[PDB]
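To find a chain, count down the sequence lines: A is the first, B the second, and so on, and within it residues start at 1. What's counted below: heavy atoms across the whole structure, side chains too, no hydrogens, waters or symmetry copies.
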Amino acid sequence: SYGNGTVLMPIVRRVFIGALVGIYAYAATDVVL
Amino acid sequence: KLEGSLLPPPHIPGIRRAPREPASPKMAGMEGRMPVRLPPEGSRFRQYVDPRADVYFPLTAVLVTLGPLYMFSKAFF
Amino acid sequence: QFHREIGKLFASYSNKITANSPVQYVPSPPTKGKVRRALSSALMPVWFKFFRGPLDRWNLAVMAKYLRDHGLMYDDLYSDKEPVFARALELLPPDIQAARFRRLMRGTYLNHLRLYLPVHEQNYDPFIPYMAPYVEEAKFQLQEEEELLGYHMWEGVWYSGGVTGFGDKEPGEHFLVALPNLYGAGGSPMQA
Amino acid sequence: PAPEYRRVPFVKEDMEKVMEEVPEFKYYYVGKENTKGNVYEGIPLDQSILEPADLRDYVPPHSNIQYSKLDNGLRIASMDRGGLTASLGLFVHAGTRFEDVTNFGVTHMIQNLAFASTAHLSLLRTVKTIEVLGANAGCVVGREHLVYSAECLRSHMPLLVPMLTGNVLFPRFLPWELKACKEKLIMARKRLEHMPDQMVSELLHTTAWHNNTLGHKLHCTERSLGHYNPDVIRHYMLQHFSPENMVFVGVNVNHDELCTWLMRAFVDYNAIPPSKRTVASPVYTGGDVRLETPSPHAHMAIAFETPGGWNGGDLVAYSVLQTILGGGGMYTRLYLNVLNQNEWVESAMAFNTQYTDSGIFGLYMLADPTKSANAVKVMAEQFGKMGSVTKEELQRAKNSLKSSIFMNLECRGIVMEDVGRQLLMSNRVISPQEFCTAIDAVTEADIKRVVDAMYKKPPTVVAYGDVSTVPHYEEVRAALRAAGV
Amino acid sequence: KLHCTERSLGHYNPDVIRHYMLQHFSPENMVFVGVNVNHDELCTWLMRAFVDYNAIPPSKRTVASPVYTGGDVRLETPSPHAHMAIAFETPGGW
Ligand SMILES: CCCCCCCCCCCCCCCCCC(=O)OC[C@H](COP(=O)([O-])OCC(O)COP(=O)([O-])OC[C@@H](COC(=O)CCCCCCCCCCCCCCCCC)OC(=O)CCCCCCCCCCCCCCCCC)OC(=O)CCCCCCCCCCCCCCCCC
Ligand SMILES: CCCCCCCCCCCCCCCCCC(=O)OC[C@H](COP(=O)([O-])OCC(O)COP(=O)([O-])OC[C@@H](COC(=O)CCCCCCCCCCCCCCCCC)OC(=O)CCCCCCCCCCCCCCCCC)OC(=O)CCCCCCCCCCCCCCCCC
């Protein structure tokens, strides 16, 4: 938010989440679908 | 007289008072235990709650979680 | 002018939101779908009676016994490292601030000794929300500041004035601006 | 002969329909629809880019003042000159002359809390939205009036009206906002100390009207901080801020449109109710005061009382006398008789400060700190001859006064302040054409008459700067008495 | 006044000081006093302090008579009390 310089951790958060959604979606299509 | 931890408020000019719920009846199964309130009278939750089920919960919790996993594992894994 | 074309798409979606915005309070729409709200109501009498119901009741008993052993209120568990709660604490009147200070001191001492309070000192309701009026005013103040000043990613001079240049205002709080001086006796930002 | 006020009744309107009349306003620009860019690229400014559809036959606007009144008692007056920048002002009859020993400083507090949080708008959103609109706004405190004002493009008037009226309709006075304003409250008089002219004026008022009405100070003191809480403030506004004690003025606006939006600001909520108040008459005492300070000059001022003030019946005579002597020019009495005959005098002038029912008139000089005794002798000699003027001096003064009046009224700001200030002090606006007729009727006998009456009460003496050779109170009084004063 | 002011700093140089002492600090305008001392011994050591060097020479000065005027002065300041004083002149002094 306005007033602080914590500017990299919000980027790390969005990359980690996206990476998890892709790992567990690539495994289901191989086992289930 | 009143439900919960409230007492009749004194009348002090200048302080508007919110309405307070009156006491409701109790159910079986809470003797000797630290009191926790029941759902309100007009509510679907009150129609289904039963304090006697608290005693069996330590087992119910193990069965709903580890139960399905154990049977699913013993059949396909 | 490729930037002006992208700006036209943003603007079209923007004007659509505005043209469909109500001018008075309207209840939010249900989140869960009708298929999910039908299974829950059908299994409710059995799921609530034997599992969810006793889970809720055990939770409140566990919380109440731990707080009462230490003489604490639930709202004493929030930290002043939250910006919203820090602003709320600044708005308190003296009498409420003094009682919180005292309860926090006493609870640290009791946790150090690991000795329960007597039962007659535990006869109180710990779930009274004494911070609520100040929390809701704090949220209003900080939401205004963010909308009026923090709507864009602003540029700045890098590693100048004790800060990094990417948004921080208080100096020396990131490693690449650590160790401000090699000689001297230093100083405090609170004494500038 | 007061003006005839037209009635503007309250009307209940559908909210959704009134929103079709609010001017467009944007704080965010999420993309842009137009994609044509600068269509005048490459065209120099010696060439015109207008089309025939942009030409019109000029029609002059309505430049006379129009008058209206709401049902709650608010008086409204506006004039249109065809300009594109408007001036807006809200005048309140609640100055420092209404304070008491338990309130000193309250009017200054209200001025520094202007545009703070209200019932429907916060402090930050109020000052940030004015800036983004390109407007300027402020609040000024005085001895008889308080004024809120703003200037902006004339299409933004409906947006600025509520941000002006909210200060007197529903301010909140939040504790943490009062605690953030306490710093700037003391730095006022501190900044006043290093402004000699403003300090001499304050000393003149405090000494002329000892402990009453016009003698109260403008700004707060360290003592005032003992009663700087919301309850004291809110009690003062409930006695003085009723609609009957307020006037609204606009310049470069449509009269009918201004009335509609002012009516809409007051229709849904309750205003402070009226109250009957008795205005105490000022008590003039005169006296003497010194204030030593590091300075290379000796500042000195001597004044007398003007009976009746603005409504005494001789306002124009004192303004003609001021022009003869010389104000803030090279054929005035003070330039020829004083400055040219004394090289140790750095400056000299005459002043005339009038209020609703009292005023002062006198002289003000800077000089060499080693000749203060001679500065007093020259000032006394001028007072001794004030009641005598020649035909050439008088005729040249009238012509100079008429020109100044009409010329001052070419500016928007001065016109707004004059109209509002006159309607609070007299409930009527005197035109410049009526001033001229009165100026032309001033005679030599009138001058001599008002100077004599002026001298029937004691003087008011002030000294500031290096006062190492300034005579004693009794010696100044005696010098005046030897010159016939 | 007893103490200096910001104006006084305009003449705070050695020449002004030394000119003031040459008009007022002669031995004839000074007295020395001791308590719990031997008189004869004090005289001997005071004589020895002045015997080898030259003192400021005497000068005739005329003392101006004070002029009493009276009057009134106020000074506002943050305080819970109102201090007030009224006085008159005593002819001749000591
Ligand atoms: C000093 C006084 C005492 C006396 C004097 C002492 C003198 C000595 C002192 C030193 C003097 C010399 C100067 C040294 C300067 C060094 C640089 C420095 O200071 O930079 C600080 C600087 C912070 O600066 P700042 O001013 O505090 O704030 C910056 C912003 O203004 C504001 O940013 P922010 O606050 O918003 O966020 C900051 C945040 C930002 O956080 C991040 O961006 C995350 C960084 C860590 C990521 C990895 C952690 C694990 C995450 C999960 C796994 C992910 C896997 C990858 C896949 C991801 C999905 C795609 O950073 C941190 O949390 C700090 C972490 C510390 C990192 C230090 C590493 C330095 C380089 C050496 C690395 C060696 C690695 C060996 C081990 C591995 C060997 C195999 O840190 C960085 O930003 C650099 C990050 C580097 C990350 C390297 C990660 C390597 C490993 C990755 C995982 C690989 C796994 C593979 C497994 C394979 C198995 C087979
Ligand atoms: C010149 C020599 C030749 C080589 C030159 C190379 C290039 C140099 C210049 C590069 C560009 C510089 C300008 C950057 C943008 C500034 C924009 C601006 O004014 O906005 C201010 C803006 C603050 O805006 P705000 O709204 O007030 O606050 C934003 C909120 O915090 C959060 O707001 P939010 O939640 O809405 O999230 C916003 C987010 C929305 O976007 C997303 O979330 C999208 C996520 C995409 C994910 C997939 C792509 C991967 C993205 C990166 C993944 C993590 C990498 C972690 C790396 C750690 C180690 C470095 O936006 C972004 O992610 C945009 C930033 C993307 C740029 C990052 C990479 C380029 C810049 C790197 C730093 C510059 C060099 C410093 C050297 C210092 C040496 C002493 O500040 C930034 O965003 C700064 C970002 C850059 C990082 C800070 C510096 C880190 C220093 C430590 C590392 C030093 C390493 C040195 C050795 C290695 C070689 C370098």
Worksheet item: With side chains defined as the heavy atoms from C-beta onward, is the minimum distance between D:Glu21 and D:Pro158 less than 4.5 Å?
Response: no

Item to complete: With rounding to the nearest 0.5 Å, note down the distance linking CD1 in D:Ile430 to CZ in D:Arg428.
Response: 4.5 Å

Item to complete: Using atom types as modelled and distance alone, determine if a side-chain donor or acceptor of D:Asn254 lies under 3.5 Å from a backbone N or O of D:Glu257.
Response: yes

Fill in: Carboxylate-amine/guanidinium proximity below 4.0 Å for D:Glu151 and D:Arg412
no

Worksheet item: Are any of the side-chain nitrogens in D:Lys179 or C:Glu90 under 4.0 Å away from the carboxylate oxygens of its partner?
Response: no

Discussion item. Quick check on D:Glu434: does its CD atom have over 12 non-hydrogen neighbours (other residues, nucleotides or ligands) under 6.0 Å away?
Written reply: yes

Discussion item. I'd like to check D:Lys12 versus D:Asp268 (side-chain heavy atoms, cut-off strictly below 4.5 Å). Are they in contact?
Written reply: yes

Worksheet entry | D:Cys152 vs D:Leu133, side chain to side chain contact (heavy atoms under 4.5 Å, CB included): CA-CA, chis, key distance, verdict | CA-CA 8 Å; D:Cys152 50; D:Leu133 285 171; over 6 Å; no

Worksheet entry | Stepwise side-chain hydrogen bond (donor to acceptor under 3.5 Å, both in side chains) test for D:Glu99 and D:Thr107 | CA-CA 8 Å; D:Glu99 296 178 0; D:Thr107 313; 2.7 Å; yes

Item to complete: Compare every heavy atom of A:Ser1 with every heavy atom of C:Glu146, then report the nearest pair and how far apart it is.
Response: OE1-CB, 3.6 Å

Discussion item. Taking D:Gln354's backbone N and O only, do any of them form a donor-acceptor pair with D:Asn352's side chain (distance below 3.5 Å, no angle check)?
Written reply: no

Worksheet item: Does D:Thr323 use its side chain to pair, donor to acceptor, with the backbone of D:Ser319 at less than 3.5 Å?
Response: yes

Worksheet entry | Beyond-backbone contact of D:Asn103 with D:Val232, side-chain heavy atoms, under 4.5 angstrom | yes

Worksheet item: Any sub-3.5 Å donor-acceptor pair from D:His108's side-chain atoms to D:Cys220's backbone N or O?
Response: yes

Worksheet item: Does D:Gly413 offer a backbone N or O that forms a donor-acceptor pair with the side chain of D:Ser87 under 3.5 Å?
Response: no

Practice prompt. Using a 4.5 Å cut-off on heavy atoms from C-beta on, say whether the side chain of D:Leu225 contacts that of D:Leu185.
Written response: yes

Worksheet item: Any chance CD of D:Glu4 has more than 12 other-residue heavy atoms, nucleotides or ligands included, within less than 6.0 Å?
Response: no

Discussion item. Can you tell me if D:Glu131 has over 12 outside heavy atoms packed within less than 6.0 Å of its CD?
Written reply: no

Discussion item. Tell me whether D:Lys26 at atom NZ has more than 12 heavy atoms from other residues, nucleotides or ligands lying less than 6.0 Å away.
Written reply: no

Practice prompt. Check D:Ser63 against D:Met79 and note the closest heavy-atom contact, atom names and distance.
Written response: O-CE, 3.7 Å

Discussion item. Distance alone, cut at 3.5 Å: any donor-acceptor contact between the side chains of D:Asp231 and D:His235?
Written reply: no

Item to complete: Answer yes or no: are there more than 12 heavy-atom neighbours, outside D:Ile414 itself, under 6.0 Å from its atom CD1?
Response: no

Practice prompt. Determine, step by step, whether D:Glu193 and D:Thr293 satisfy the side chain to side chain contact (heavy atoms under 4.5 Å, CB included) criterion, reporting the C-alpha distance in whole Å, the side-chain angles of both residues, the deciding distance to 0.1 Å, and the verdict.
Written response: CA-CA 10 Å; D:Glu193 293 178 3; D:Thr293 182; over 6 Å; no

Discussion item. Keeping D:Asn252 on the side-chain end and D:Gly83 on the backbone end, is there a donor-acceptor pair under 3.5 Å?
Written reply: yes

Practice prompt. Can you label the angle between the D:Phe241 ring and the D:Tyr236 ring as parallel, tilted or perpendicular, going by 30° and 60°?
Written response: perpendicular

Response to the item:
Residues D:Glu183 and D:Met187: closest non-hydrogen pair is O-CG, 3.4 Å

Practice prompt. State, without any angle test, whether C:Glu137 and C:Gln141 hold a side-chain donor-acceptor pair at a distance under 3.5 Å.
Written response: yes

Worksheet entry | Residue that, paired with D:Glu144, satisfies side chain to side chain donor-acceptor pair (under 3.5 Å) out of D:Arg421, D:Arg97, D:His93 | D:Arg97

Discussion item. Tell me if a side-chain donor or acceptor on D:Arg264 pairs with a main-chain N or O of D:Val18 at a distance below 3.5 Å.
Written reply: no

Worksheet, complete the sentence: Scanning both residues in full, the closest heavy-atom pair of D:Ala116 with D:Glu177 reads CB-OE1, 3.6 Å

Worksheet item: Does a salt bridge link D:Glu202 with D:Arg143, judged by any charged N lying under 4.0 Å from a carboxylate O?
Response: yes

Practice prompt. Kindly indicate whether the side chain of D:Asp357, heavy atoms from C-beta on, has any atom under 4.5 Å from the side chain of D:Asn311.
Written response: no

Practice prompt. Begin from the C-alpha positions of D:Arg189 and D:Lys217 and carry the test side chain to side chain contact (heavy atoms under 4.5 Å, CB included) through to its verdict.
Written response: CA-CA 10 Å; D:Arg189 297 197 76 78; D:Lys217 296 175 181 61; 4.1 Å; yes

Fill in: For D:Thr353 against D:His205, the heavy-atom pair lying closest together
CG2-NE2, 4.2 Å

Fill in: Derivation of the side chain to side chain contact (heavy atoms under 4.5 Å, CB included) call for D:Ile405 and D:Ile439
CA-CA 11 Å; D:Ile405 288 171; D:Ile439 293 169; 3.8 Å; yes

Worksheet item: Taking side chain as C-beta onward, heavy atoms only, is C:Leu149 less than 4.5 Å from D:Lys128?
Response: yes

Worksheet item: Taking the inter-plane angle between the rings of D:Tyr355 and D:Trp209 on a 0 to 90° scale, is it parallel (under 30°), tilted (30 to 60°) or perpendicular (over 60°)?
Response: perpendicular

Practice prompt. Taking only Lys NZ, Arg NE, NH1 and NH2, and the carboxylate oxygens of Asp or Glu, determine whether C:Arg87 and C:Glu145 approach each other closer than 4.0 Å.
Written response: yes

Worksheet item: Does the side chain of C:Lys169 come within less than 4.5 Å of A:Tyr2's, by heavy atoms?
Response: yes

Item to complete: May I ask you to check whether D:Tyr364 and D:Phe351 place their ring centres under 6.0 Å from each other?
Response: no

Worksheet item: Is there a donor-acceptor contact under 3.5 Å from the side chain of D:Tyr27 to the main chain of C:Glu147?
Response: no

Worksheet entry | Heavy atoms of other groups near D:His194 NE2, more than 12 under 6.0 Å | yes

Worksheet item: Between CG of D:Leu424 and CD of D:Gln422, what distance do you get to the nearest 0.5 Å?
Response: 10.5 Å

Discussion item. Closer than 3.5 angstrom, by distance alone: can the side chain of D:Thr129 be matched with the main-chain N or O of D:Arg125 as a donor-acceptor pair?
Written reply: yes

Discussion item. Working to the nearest 0.5 angstrom, can you tell me the gap between D:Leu160 CG and D:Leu164 CG?
Written reply: 6.0 Å

Worksheet item: About how many Å separate OG1 of D:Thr96 and CZ of D:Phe104, when rounded to the nearest 0.5 Å?
Response: 9.5 Å

Fill in: Nearest heavy-atom neighbours spanning D:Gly166 and D:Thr118
O-CG2, 3.7 Å

Fill in: Flag, side chain of D:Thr206 to backbone of D:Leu203, donor-acceptor distance under 3.5 Å
yes

Discussion item. Distance check, rounded to the nearest 0.5 Å: D:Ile65 atom CD1 versus D:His255 atom NE2?
Written reply: 11.0 Å

Item to complete: Would you check if D:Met425 and D:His145 make a side-chain contact, meaning some heavy-atom pair closer than 4.5 Å?
Response: yes

Worksheet item: If you draw a 6.0 Å radius around CD in D:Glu222, do more than 12 non-hydrogen atoms from other residues or ligands fall strictly inside?
Response: no

Worksheet item: Where does the angle between the aromatic ring planes of D:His240 and D:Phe98 fall among parallel (under 30°), tilted (30 to 60°) and perpendicular (over 60°)?
Response: tilted

Response to the item:
Value for CE (D:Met263) from CG (D:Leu70), rounded to nearest 0.5 Å, stands at 8.5 Å

Practice prompt. Look at atom OH of D:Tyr269 and say whether more than 12 heavy atoms of other residues, nucleotides or ligands are closer to it than 6.0 Å.
Written response: no

Discussion item. If only side-chain N and O atoms count, and only distance matters, is there a donor-acceptor pair under 3.5 Å linking D:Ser224 with D:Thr221?
Written reply: yes

